[PDB]
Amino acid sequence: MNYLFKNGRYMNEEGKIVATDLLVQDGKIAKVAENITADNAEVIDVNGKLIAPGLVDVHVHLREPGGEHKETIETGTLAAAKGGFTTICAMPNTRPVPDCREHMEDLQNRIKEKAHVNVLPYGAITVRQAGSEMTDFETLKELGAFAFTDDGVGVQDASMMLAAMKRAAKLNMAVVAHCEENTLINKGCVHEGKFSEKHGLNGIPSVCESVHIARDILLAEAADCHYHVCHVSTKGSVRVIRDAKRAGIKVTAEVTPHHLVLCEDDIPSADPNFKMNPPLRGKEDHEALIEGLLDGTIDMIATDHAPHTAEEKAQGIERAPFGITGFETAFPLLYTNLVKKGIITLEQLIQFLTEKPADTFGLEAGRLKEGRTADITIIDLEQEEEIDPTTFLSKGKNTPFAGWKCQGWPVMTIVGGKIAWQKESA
C-alpha cells in the first residue's frame, strides 16, 4: 500500500524548516513537495508536526544474546522505534561476542527474524574482547559488520590497536574506540572531582579517557585509517580531537545526550541511575563538550543505550553496573534542554541524529530524499509530557531523567513503509 503525509513541517536540503507534504510508494519516498494529489493512496494528516528522517543511532546495546533479561532484540528495536530511530548499531559486548563466522551469522539471523528497525552490528576487534588476539576482519566484513570495536573495554596493547587500524584501513572500514587506560581507573565509580571528594568515593580521573584518544589518533594517522571516538566526556579529549582535525587526520567523535545535559554538579546523591562510563564530569568538561559540538569537533550525537534491570541498580553506587537507558529519552530531552534553550537550532539537532552519523560511516540513511528507502518519523513539538519509566517499551528502566517535563516526542515511526510504532492518540 501507499501513504500520503499532509500538512507537516520538514527540514529542506538548504537548511530551513518549511511546510510540505510527502508521498510514499512501495517502501520508498516517491515525492516531497507542497500540495500533492494522490488517489488510491491513504492520507495521514499530521497537524503541523515535524516529518523527520528516521533517526540514526551509532552506539547501542541490545544485550541479546547472553543478557536477554536486560534487553532483547525485539524490545530494544521496538523501544528504538518509539524514540524515532529507524537505524541502530548494536555493540559487541555480548555472550557470545561476535568474533567469528559462527557468532556473526547467528547474530545476523536474529536481526532478520525479530527486529522492528534496521540493525547494523559491530564486529569485535579482539576475540572475546580479551585483547590478546585479533578477529578475522575480512570474514566479519563479509557478514555485514558495521565497524570494529571492543566497546565495554579499551584496547590496552598499542601494537594491537595499530595492527587493527592497518587491517581496517585496507578494507575501507572504521575502528571505533571505547577509550579507557586501565591503570588510571583507580577503582572509580564516578568522576574524580567535587562529588567524589564530598561523598568520599574513589574517582575516575579525566586522563583515563584522554590518553587513549591521544595515543590512537597517532596510530590512526600512521595507518591512514578512519578512527571514531566513543562518547567523549573531557575538555582535554575535545582539544586533542580539535588538534587532530586541524592536521587533517581522519578522526570523528560522538557525544551522548546525558553528557550534553548533565555534569557532576547535577547529581543529587549516591544514585546508581547517575552512574555511567564515562562519568558525568566537571562544569568545564561539560562546557567544552557543548563548544565542541558547535565548532564541528564533535560530529554527532549517539545514545550509548545501556539497559539494566532495576534489581542490579537497586544496590549501592559502588557495586551497581555502569549505564543508563537512552532510546526513549533522546529527542525530547535534547529538544527541551538544548533547542528550546537556544544552545542549538532544531536543524542542528536533526542533523546530529540523522545525516551527520550517516555521512561519517557511509550510509544511505537519514535524509528525506526522493529515491531513498522510506525511513521516517513524526514528532510532536507542542505537547508537554513528563518522562515516565513505568511506560517504557524498553526493559531497561535505569534513567536519571524521571519527572523531567519535555516536549518533542515522536508520535509515529516508519521503517521502509511498514509502520513499526505509533503513540496512543493521532
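For every residue, the number given is its place in the sequence shown, counted from 1.
Selected stretch [higher average CA B-factor]: 316-324 or 176-184 = In the deposited entry, the stretch with the higher C-alpha B-factor mean is 316-324.
key: Higher-B stretch (mean Cα B-factor, as the entry records it), 98-106 or 287-295   = That would be 98-106.
task = Tell me, lowest, middle or highest third: where does the Cα B factor of residue 347 rank within its chain?
result = For residue 347, whose C-alpha B-factor we compare with every modelled residue in the chain, the answer is the middle third.
Residue 265 CA temperature factor, ranked by third within the chain = Answer is lowest: the recorded C-alpha B-factor places it there.
query = Hey, what third does residue 73 fall into on Cα B-factor, ranked over its chain?
reply = It falls in the top third of the chain.
inquiry  = Ranking every modelled residue in this chain by its Cα temperature factor as given in the entry, which third contains residue 166?
reply    = Within its chain, residue 166 is a lowest-third residue by C-alpha B-factor, going by the deposited values.
query = Thinking about Cα B factors across the chain, which third does residue 58 belong to?
reply = Answer is lowest: the recorded C-alpha B-factor places it there.
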